[PDB]
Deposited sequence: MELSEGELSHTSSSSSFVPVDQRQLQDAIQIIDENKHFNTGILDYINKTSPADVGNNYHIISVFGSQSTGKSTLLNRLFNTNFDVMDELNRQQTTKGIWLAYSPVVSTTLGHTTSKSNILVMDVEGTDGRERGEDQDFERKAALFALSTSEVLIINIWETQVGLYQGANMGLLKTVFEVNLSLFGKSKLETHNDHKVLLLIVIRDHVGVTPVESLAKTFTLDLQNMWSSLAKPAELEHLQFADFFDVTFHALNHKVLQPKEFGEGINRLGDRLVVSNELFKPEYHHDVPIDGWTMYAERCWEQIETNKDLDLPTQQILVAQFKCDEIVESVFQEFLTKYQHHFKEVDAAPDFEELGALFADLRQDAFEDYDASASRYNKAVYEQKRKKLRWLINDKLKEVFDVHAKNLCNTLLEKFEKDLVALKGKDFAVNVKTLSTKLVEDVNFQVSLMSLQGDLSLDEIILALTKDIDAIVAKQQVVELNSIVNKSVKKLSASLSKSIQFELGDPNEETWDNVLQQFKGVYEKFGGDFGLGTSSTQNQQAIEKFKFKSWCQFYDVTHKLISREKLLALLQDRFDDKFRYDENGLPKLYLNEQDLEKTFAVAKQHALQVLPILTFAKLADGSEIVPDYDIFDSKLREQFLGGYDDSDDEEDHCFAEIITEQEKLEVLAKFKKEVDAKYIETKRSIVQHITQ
């Protein structure tokens, strides 16, 4: 017949509870019992009253030292209820829970466990006695109104939902008993106060909106019972209790079915543990206490001040973007700014909790790093764009001079360059270079790519100038001796240097495109080839072509000698030599051919402007090798004679 702690100081809900309850009462407890408990400030004579109203045996404080006595929560079976008729047994089994008192000492700061044990009780009991001293009544934290708001609050947030399902719910009785009541002030007056206090507490709690409509009466009954001074009025104490004894068993006005959640005790013993789990570790209840709470707000106050003492002192160094930047001047002046602030902050918050102080210092640190990274980022990008120009120039300055072997060194040295120059400002690596260096590389590789296409096309364009050169030249040089083997010693160079285009670049491959450097090149050659022809040999240069050959015999002789004539027989003999010596190369070059009497074709369908501007036409195809149209063709031999026979009989004047 000793009690047990359902829950011990350090929160362990108890196993043998169900067991225990049954081993006390010889009867079978069914849906036949009540659950009653006590709440209040430490040493208000709670255990005392449970021992005296029911007839339990909890421990009470011996009056030698005013100290905490109940620890955790306890449960006992009431043998009998003290009443005016003396001792009385009851119908139902009355199970009583004695809670450790709220407040004072020992646990003076951390109201963790008092918020919790209170709520357990509030949540598990049909009747809750709120045991206050009459003198605490008009008080706030004296009346405990602060640990109340909360419990009732987390109560509603946590179990308020279970309603509207209609029982036989937890309506619960708030049976608020005033202690050491002298009598001067009528309990009815005390009652009006503490209910108003309870009503007030109610409009105050935070309420999930489904229940924003819910009132305190909906969840809760209140009633009051005053006791006289136990020490100075011992008789009128005992009678006051008795009177309360009668209240709950005799009158039977106190327990009602609304509070009994209506299932057998094993049910309750499980329902408690469930509520206990949900309670023991709640978020809403999980709270650091004041010192901390208040050291948070205090340090946040100091930050905004020290930081606003930082801002407009930076609106001043940096409202103007520095004209003459130095990265040692900057980085150092950064440190200084941030030094100033720390000490000032530290001269105001090294008082408070270290951890909070510390946490709120790092908050300050990074508030200012971020205002410094704006500035640093500006000059970081200015430096880069500048440095990047040089570099681009640098690449251009070198002009095909072993590209990739110069991409390596210069690009390397630039990245290195910034990573040194900037890091002088990174405040100890506080400010990062990672994203800058990254954005550099990207801008680097952007350049080479665009300068690579320029070195790629310059290489082609200057490969088509040591080709239109030795090409358009050995067109003529061979032509001082019209041969079977003209084109034999012409394409055997037109293709002796046509091939050595690829592999010589030195740049960096763009390998498929390194490959496509050629199919512009070869298309271009196959287009200058035709352009040399249609320019080197046309109507005009054609009419001329006669005398070029015509006159190295028609008027010179033997060993480079001007031809000395004899009879009209040595004059009328070296004239028909010319009537063919005017026509004897043309068969080699009427439509330009090879050495095998077959037509020359272009590698591409060209005159078509749909293949044209991939590299920058009549009926059949204004033929490729058609140097001269069939009509301008003999518009040369409509003037073969006009001037050549103007020289045979027209210079027959001499022999005269």
Could you spell out the stretches of the deposited sequence that were left without C-alpha coordinates, going in sequence order? 1 to 25, 642 to 647, 688 to 692
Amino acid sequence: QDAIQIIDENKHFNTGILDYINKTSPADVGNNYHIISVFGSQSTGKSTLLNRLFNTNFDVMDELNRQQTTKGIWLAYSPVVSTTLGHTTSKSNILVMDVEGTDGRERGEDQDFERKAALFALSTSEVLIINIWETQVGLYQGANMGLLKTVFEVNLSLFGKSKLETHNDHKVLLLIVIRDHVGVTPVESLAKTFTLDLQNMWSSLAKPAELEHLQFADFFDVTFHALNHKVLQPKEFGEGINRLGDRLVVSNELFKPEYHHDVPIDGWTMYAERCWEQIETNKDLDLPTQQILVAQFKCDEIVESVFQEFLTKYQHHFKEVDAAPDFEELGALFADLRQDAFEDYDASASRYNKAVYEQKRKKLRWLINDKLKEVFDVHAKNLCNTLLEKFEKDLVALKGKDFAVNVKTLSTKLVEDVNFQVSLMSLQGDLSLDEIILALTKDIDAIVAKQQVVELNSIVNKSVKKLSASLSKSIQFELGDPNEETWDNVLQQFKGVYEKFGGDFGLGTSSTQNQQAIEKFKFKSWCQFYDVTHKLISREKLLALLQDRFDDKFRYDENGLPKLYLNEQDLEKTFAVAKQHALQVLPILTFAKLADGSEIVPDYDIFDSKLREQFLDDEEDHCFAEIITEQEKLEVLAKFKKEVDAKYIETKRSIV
From here on, numbers count along this sequence of modelled residues.
Stretch exceeding the other in mean C-alpha B-factor - 328 to 336, 222 to 230: 328 to 336
Out of 313 to 321 and 266 to 274, which one has CA B-factors that are higher on average in the deposited record? 313 to 321
Looking at the C-alpha B-factor values in the deposited entry, which of 611, 35, 64, 49 comes out highest? 611
In the PDB entry, which of 125, 203, 470, 136 has its C-alpha at the highest B-factor? 470
Classify residue 242 as lowest, middle or highest third according to the C-alpha B-factor given in the PDB entry, relative to its own chain. lowest
Once the chain's modelled residues are ordered by C-alpha B factor and cut into thirds, is residue 28 in the lowest, middle or highest one? middle
Which third, lowest, middle or highest, does the CA B-factor of residue 175 fall in along this chain? lowest
Against its chain's modelled residues, does residue 255's Cα B factor rank lowest, middle or highest third? lowest
Ranking every modelled residue in this chain by its Cα temperature factor as given in the entry, which third contains residue 287? middle
